[PDB]
Structures are given as C-alpha cells and as structure tokens.
RNA sequence: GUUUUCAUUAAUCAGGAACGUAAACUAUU
RNA sequence: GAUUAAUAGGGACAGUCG
Ligand SMILES: [Zn+2]
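See below:
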C-alpha cells in the first residue's frame, strides 16, 4: 500500500488480522484489507482517539458492517474512541470528510452563522432519530475534524 | 348595569364576595381611625434611593 | 382618566441617531447615560435636563451595552470592544482610561452591586468577568460547547455572585460566580431579548422575549413560568423591574411602553407618542416614580408611572382623597361602567 | 424573472425594514449577497445573519437601515468620479455607503478611499 | 350595587367549562307546527311510554 | 443656522419615512432654540 | 415625494436603473 | 428519451387527428407539441447527440413507427 | 404523489402562424 | 476524464379530476 509500520500501525493491523479467526463468524471486508494507515493525535486532555484511513471503495465496504466492529475495536483495543475515515489528498473533499466522519447518523444542515463583526462560526446539525450514543463522541468529532482540516466546526443536535 | 357580571378573580363564592364587601369605606360611615387604617395603601413608597435589599430581613 | 397626563419631558436635544443603549447609576439618583447608534455616548444629569453633562464620540458602530461603575466611571461596549471613561472630572477628558478588545465581539455589560467586578456578555457564547484594578483579561465563563451569542447579561443585585444571561439559542443560562461555571440552561420556544432580576425577591427573573411576552420565572424551579405578561403587538425589546420590585416597564418594538404590576398578567398602562419612533431601552429612576425611554428617534424621554398621581408634598386632605379614591377603585373596579372607563385608553 | 438574485434579496430586506419585521428568509443565496451583508454588518445596519442549507439566509436586522438598492448597469468608476457618485447617490456624505466591486474585493467607499482602489458601483445602502 | 348577576355568572361558567311534563311538552309543541327533531325524540319517548 | 423645537417637532411628527431628514436636522453643530409656548406650530413660532 | 430617493436614475423596488446618458453626465461633471 | 416520448405523443395526436379531422383543440395541442419537439431537438442538435441532418416533419414519424 | 430521468435546455416579444345585431350607469401584503 | 440537483425546466409511472 503506502506504509511501513509505526509502533501502533502493526497493532491495529494485528487487530484486523485477529478479527478473522478466534471470534465470529463474520468477515466480509476483513480478509480483502491490508495495512492501510492510522493516526494517534489527542482529543481533549488526557484522552486520545484513533483514526484509521481506508481505501475509497472500502468505505462503502465498511458501511456494510460497522455495528459491533467499532464496539470490539473500542473494547479490545486501548479503550479510546475508534474512528474510520477515507484517505484523500477542496470544499467537496472537506464535505466528504464530514459525511464520512459521522458514520451512523446523517447530517442534515450546515449553518454558517456570522457574528456582529467579520468572525464566523460553522455549525453542522445532525439527525434527531439517533441522539443518545453520539453526544459524548461529538467533541471527538469536532476535534478530529479540526486536527485533519483546520476549520473549527461544532456539532450539535437540533432542538 | 350596577350588578356585577361575574365573580372577581380571587373569590370563589357569591356569598363570599357579596358578603366580603359589606362595609362602606368612606368617612361618613366609619370613624377617622378606621378610615385611615382602611385606606392606607399596601406599598408605601417614600422618597429616596430605593436600593435592592442588602441582607435578609427575616 | 382626565388627569392621566404621563409625559413629563425629554432629556436635552437628544441624540442624532437612535438610542440603542442606556444605563442609570444605581448608587446616585440623577446620573443617566445613553449611547446612540452613531457611537456617541452622553452622560445626563436629571436635575438639569436642558443640556448634557458629558459627551464623547465613543466608538465606530452602535453602542450595544453601557453601564456605570460603582466608583464614578462608566463603561461602554461596542463591536470595537469595551472602554472605560471618567465622565466626572475637573477637566473633561474625551479619551478613555482603559480599553479591552480581546474576547470576541461584546454585546452587553452588567456591573456588580458592591465590588468593582463586572461581566461582559460577548458574542463567542461566553461571558467574561473582570475585577477592576487587578485584572486585565478577565475570566471567561462559558457553557462547555456553546456557539450562539449571549445577548444580555445581568448581575443579580440582591443575591450577589449569581449571573443570568439569555442567548439566541432561545435559551436562558445561569452562572454562579463563586464556583466559576454555568449552572442551568433552559430552552424556551422563542428568542429572549433581555433578562432582568427582581430587586426585592432574589430568585425571580423576567425575560422579555420575541413571543411578544414577558415571562416571570423562578430561578430555583425552571419548570414553569411564575407569570406570563401578554399585552404586546411587536416584540418586547426591554424589560425593567421597579426598584420596589412590584412593577415592570417594557419597551416594545412597536411604539409602546407598557406598565405592569407584578401579579397582573395584563397592562396597567400603555404609553405612546407619534414622535416616538421605536422603543429600545426603558428603565426606572431610583425613585420608582418616573421611567425613562430611549427610543429610535434619538430621544430619551422621561415619563411617569402612576400617570394621574402628581408628585411633591401633599396636604393631608389631598393625599387622603387620593388614597380614598384608590381604595374605592380597588373595591368597585370590576363593575361594568367603572370597568369600561378605567380600561379605555387611546392606542 | 429577475436574474439579479442580489436585487431579490435587497427587495426582501427593504420589505422587512418597512414592515418592521426582525428577520427574513432570503430564499436564493449567493456569495455576492453574503459579501453585501458583510459590508452592511460591518457598518452595523444588520445584526447577524446565517446561511443555512437545504440554501437560504436568515438575516437578523436591528431596525436601523432605511433603503437598500442595486445599481443595475454596474457602471465603472474612478476615485475622482467616486466622490461625485457618492454625493449624487447618498442623501448625505456622512449617511450611508456605496458598495464597490473592486480588485481588492467588495467594500464600501470609505474602505476604497483607504485602500486606494477604484471599481464598479454595484449597490448602496443608507 | 356590586351583587352577582346570577344568570351572567352561570353563562360565564358554562362558556368556561365547555312522565307528567313530557305530555304537556307535546301539547305546547303541537301548536307551532314546527317539527323540530327534539319533538321527534319526544314522540318516540311517548310511544315507548 | 438655527432650528426651533417646533421645527424639530414637526419633523418628528412626520413618520419614519423622513428619518434621514430628521438626522440631517439633528446634526450636532447647529443651535437649538428652545421654545416656550404650547401648540408646536412652526409658522406661528417663527413669526412670533 | 419621498425624500430618500436618489437623484441620478429611476428606482423600481430595490433596482435602480441608470440610463447611459446619466453615467456620462456624471463623468462630464467630474471633468 | 424525452424526444422519443415527445415524438410518440406527436404521432398519437396526428393519428387521432387524421381519424377525426373536425376538432381544433387537438390541432392546437399538436402545434404546442411540435414547437416543444423542435425546441428540444434544437438543444440536442447544439449539443450534438443526434445527427445535424436528422429532421422530423412527418416522414421521420412515419419511419419511426415503421 | 413517487424509492423518476438529459442538466441549461430557459424568460420576453420585431417578422409571422393556429383558433373568433351590439353598447347604454360603472418580494411580500 | 462527469459540481450543486435549482425554492426555473421538459419527460416517465400510479391513483385520479373535469
Ligand atoms: Zn416654538
């Protein structure tokens, strides 16, 4: 692919290898994937969040199964926020980064609200039908999006 | 037009309201002390800075 | 109804553009200030209403918030950033003696009751609290993930170190200054223009809101409103409790001032004028007898509450006749003839 | 049909400022409209606006402005012409602003005299 | 002066909360001669009685 | 260049269509002659 | 007549139409 | 294709008009639908998806139902 | 209404083309 | 190598409506 491993790339790749056997009885995108890419940069203070980059048809190949895959990737690996994303190299690319960030939940609207001077704040709203299990992940979403792109956005459920 | 069309807000009964008014306020029918005590206003505002209350009174 | 003559006067020549902020001095009795839309502020003395006492071309944009310190000095917000002046000095100084730009676009001010502390509501979703003479940037208290602007801010004058704020999330938020964090946040249905507290009851607050409505809330139980004053036509721009804590003024976005009792739920009086263009800021004097109205015509007007009650020293058989009439209307005010004549007002 | 979506937006702003409303729903959005409202917000005639997406713009207005307008043929203007154009478009030289699509962007005539650049007259407010 | 209009108070509370006589009823309402469906219900009641 | 309070009163009594002329009149650099009479009628004020 | 209306061209709604002579008339006045 | 359905509607209208021959509302709708056909056909010519010498008057209708 | 497609195809009318006894009181709101 | 899918278009289908 692109990589020769770091300290944790081989660990996450060994997790993807170990999910084949000695477990379920579920594998569809597990065998056609290799070492891909990963990053470990902090979210908040004290906690970190692991992101893994994915080839661009394997994003829908991963949209096939992401329930309980990310649960076991959270539990069995390091007890931190696991997060998959496509790898890419403008505004359509950042839109793609947002809509592949929020994986169960479809974003609805973007409100780019200016202030009484030249400053402006973007705020993307989410879907109301899934609210309970995402709100503790929202600051991780915002911080990973800032760390990858540079644009401060804040995530909020509509009320 | 001198009858009242409905009960006033705090009152719950016709006997209560029509028996609660019952006594003229004026100085012809009541004494001077009674007239003063019955037409004292509820809030008595004197002149000056009415500053918000510093410490609890009770 | 014959001697109801509420308009008393107008402070000076007024401003050029409309009066978008004004603030009294809560320690003195005749010190007013008003900042207009072309960014000029004026300090008025209520004893000599012929001309202003001190004016300065303060900012560039409109003056959004304005307040008096507890010593003698006054503060003013803008989108420029907040500034501090000494309007009472033996030479007049136009230049400020302190200025603050960091902390986003500020919207309103509120000064502490006793100390030299004040809180400025900014547009970054935070309020920030300065103590004069030993703090430079202040401490920024915010709801943890908050983006929408905090429109108004108000120190509770009775219970010190409790700060209320409204925000364009149609929400009210509280703040405890003793442990520097927000406390509780409730979302209402429509946006609230202004929060204010009761100066005799420490826990009651009133929000003037774009629902044409005044909501009297209890700060301990935000479940339901203690009272809902509904009388307006356009949105309510400003609300202010009387310093006796039993009445309210609201200047609305149409051309009306509405005077309210605290338990009423409907208008005691309505004040209007063809020359008054809109109403933005209404506040009592510390007499709790006269109210002041900063309009969009550039005028600060001085009305009176209790429109038919003249001031000054009365003889005993004069004030006894007035108190006798008020008690008699308290009794027989609900009969039909008396009711229609006491409710008729020309709108 | 008025292809001038800026003129449809400014017609909606004038209708709200006449009717005394406190916000609008500018239904077709653009970028020149956003720059126009950015200048109006710099000079304080409009409170706060947001672009939401289906998009449209929600424009909180203070109740301070009198009239918005677009100059439909968009005539080119130099600085020595800009002084006469300002004093022929505005009721007073100290009230209101003329909007310019310059090589430095979209700005008011005072910022154009600051940055020493001329351009086309696109609109005005006062 | 100040006593209750009892009819008006009963109407206010209504708008807030919202075999020996039924023969002379028909004797009084056979003379109109409006048919008036309450009288149809009264005729069915008299037939049952 | 002076403006009586009757003149300012009639300019204010005309509606918010005349707000620009009102601000032009309310320019600060001009003398304001306060009037002591009742009706605020500018013609009779100016003539008296 | 309205006071606020500018003196160069006709105004329809929010659209102000300037004829080609009027923008030439201002350029003549400048020179 | 939009043009295919439009010329199908045109042949249907002209066949009904040939059978009946007396009414005028079908003739007016035929004029509307032939103007619509020519406008969409001109846009597809200036794109170039179909031959620029391809024309429909009635013989293309006949040779596309045949 | 749809869990439907090409993505400027469009707006306006110079020229032209199809249909054909009466009158008499009057961006929103 | 092919954008928003327009709060402007034209078409298709279904139950219909006059
Ligand atoms: Zn006079």
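Chains as they are written, first to last, in the deposited numbering: chain Ce, 15 to 103, 128 to 197; chain UN, 881 to 938; chain CM, 51 to 397; chain Cm, 2 to 55, 59 to 130; chain UG, 466 to 483, 562 to 592; chain UX, 89 to 136; chain CU, 271 to 301; chain Ch, 86 to 151. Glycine included, each C-beta is placed from N, C-alpha and C at the ideal position.
Proximity test, Cβ basis, 9 Å: residue i and chain UX
{"i": "residue 66 (chain CM)", "result": "yes"}
{"i": "residue 99 (chain Cm)", "result": "yes"}
{"i": "residue 327 (chain CM)", "result": "yes"}
For residue i, three-class secondary structure by DSSP
{"i": "residue 16 (chain Cm)", "result": "helix"}
{"i": "residue 28 (chain Ce)", "result": "helix"}
{"i": "residue 927 (chain UN)", "result": "coil"}
{"i": "residue 589 (chain UG)", "result": "helix"}
{"i": "residue 104 (chain UX)", "result": "helix"}
{"i": "residue 112 (chain UX)", "result": "helix"}
{"i": "residue 72 (chain Cm)", "result": "strand"}
{"i": "residue 330 (chain CM)", "result": "strand"}
{"i": "residue 11 (chain CM)", "result": "For chain CM, the structure presents residues 51 to 397; residue 11 (chain CM) sits outside this window and is missing."}
{"i": "residue 391 (chain CM)", "result": "helix"}
{"i": "residue 311 (chain CM)", "result": "strand"}
{"i": "residue 95 (chain Ce)", "result": "strand"}
{"i": "residue 351 (chain CM)", "result": "strand"}
{"i": "residue 193 (chain Ce)", "result": "strand"}
9 Å Cβ cutoff, residue i in contact with chain CM
{"i": "residue 130 (chain UX)", "result": "no"}
{"i": "residue 93 (chain Ce)", "result": "no"}
{"i": "residue 92 (chain UX)", "result": "no"}
{"i": "residue 914 (chain UN)", "result": "no"}
{"i": "residue 114 (chain UX)", "result": "yes"}
{"i": "residue 62 (chain Ce)", "result": "no"}
{"i": "residue 177 (chain Ce)", "result": "yes"}
{"i": "residue 101 (chain UX)", "result": "yes"}
Below-9 Å beta-carbon distance, residue i vs any chain CU residue
{"i": "residue 95 (chain UX)", "result": "no"}
{"i": "residue 105 (chain UX)", "result": "yes"}
Spatially closest choice to residue i from the options, by CA coordinates
{"i": "residue 58 (chain Cm)", "options": "Cm:69, Cm:26 and Cm:2", "result": "Between 55 and 59 in chain Cm the model has nothing, and residue 58 (chain Cm) is one of the residues in that span."}
{"i": "residue 56 (chain Cm)", "options": "Cm:20, Cm:59 and Cm:117", "result": "Since the numbering of chain Cm jumps from 55 to 59, residue 56 (chain Cm) cannot be located in this structure."}
{"i": "residue 175 (chain Ce)", "options": "Ce:61, Ce:100 and Ce:19", "result": "Ce:61"}
{"i": "residue 221 (chain CM)", "options": "CM:98, CM:256, CM:206 and CM:290", "result": "CM:256"}
{"i": "residue 928 (chain UN)", "options": "CM:354, CM:359, CM:335 and CM:345", "result": "CM:335"}
{"i": "residue 150 (chain CM)", "options": "CM:262, CM:159, CM:103 and CM:283", "result": "CM:159"}
{"i": "residue 219 (chain CM)", "options": "CM:209, CM:213, CM:205 and CM:193", "result": "CM:193"}
{"i": "residue 101 (chain Cm)", "options": "Cm:60, Cm:37, Cm:13 and Cm:67", "result": "Cm:37"}
{"i": "residue 58 (chain Ce)", "options": "Ce:181, Ce:38, Ce:173 and Ce:26", "result": "Ce:181"}
{"i": "residue 60 (chain CM)", "options": "CM:98, CM:212 and CM:330", "result": "CM:98"}
C-beta neighbour in chain UG for residue i, strict 9 Å
{"i": "residue 886 (chain UN)", "result": "yes"}
{"i": "residue 908 (chain UN)", "result": "no"}
Minimum Cβ-Cβ distance from residue i to chain UN less than 9 Å
{"i": "residue 570 (chain UG)", "result": "no"}
{"i": "residue 483 (chain UG)", "result": "no"}
{"i": "residue 208 (chain CM)", "result": "yes"}
Supposed contact pair residue j and residue i - C-beta distance, whole angstroms, cut 8 Å
{"i": "residue 471 (chain UG)", "j": "residue 884 (chain UN)", "result": "That belief does not hold up - the Cβ atoms of residue 471 (chain UG) and residue 884 (chain UN) are roughly 10 Å apart, past 8 Å."}
{"i": "residue 203 (chain CM)", "j": "residue 175 (chain CM)", "result": "That pair is no contact at about 12 Å."}
{"i": "residue 93 (chain CM)", "j": "residue 137 (chain CM)", "result": "4 Å"}
{"i": "residue 102 (chain Ch)", "j": "residue 117 (chain Ch)", "result": "Contact doesn't hold; Cβ gap of about 13 Å is too wide."}
{"i": "residue 200 (chain CM)", "j": "residue 217 (chain CM)", "result": "5 Å"}
{"i": "residue 65 (chain Cm)", "j": "residue 47 (chain Cm)", "result": "5 Å"}
{"i": "residue 65 (chain Ce)", "j": "residue 52 (chain Ce)", "result": "7 Å"}
Proximity test, residue i beta-carbon vs ligand 2 heavy atom, cut-off 8 Å
{"i": "residue 149 (chain CM)", "result": "Ligands present in the displayed structure are limited to ligand 1, and ligand 2 is not among them."}
Any C-beta of chain Ce under 9 Å from that of residue i
{"i": "residue 55 (chain Cm)", "result": "yes"}
Cutoff 9 Å: residue i Cβ touching any chain Cm Cβ
{"i": "residue 271 (chain CU)", "result": "no"}
{"i": "residue 344 (chain CM)", "result": "no"}
{"i": "residue 165 (chain Ce)", "result": "no"}
{"i": "residue 89 (chain Ce)", "result": "no"}
**Those runs of the beta strand (DSSP E) which lie wholly inside the region 272-300 of chain CU and span at least 3 residues** = List check, beta strand (DSSP E) in window: 280-282 and 285-287.
**Message:** List, from N- to C-terminal side, the beta strand (DSSP E) runs of 3 residues or more that fit wholly inside the region 159-184 of chain CM.
**Reply:** 167-172 and 176-181
**Request:** Can you check the region 197-280 of chain CM for any beta strand (DSSP E) of at least 3 residues that lies completely inside it and give the ranges in chain order?
**Result:** Here the runs fully enclosed are 200-205, 212-217, 221-226, 231-237, 242-247, 254-259, 263-268 and 277-280.
**Prompt:** What runs of the beta strand (DSSP E), each 3 residues or longer, lie entirely inside the region 106-141 of chain CM?
**Reply:** 116-118, 124-126 and 132-135
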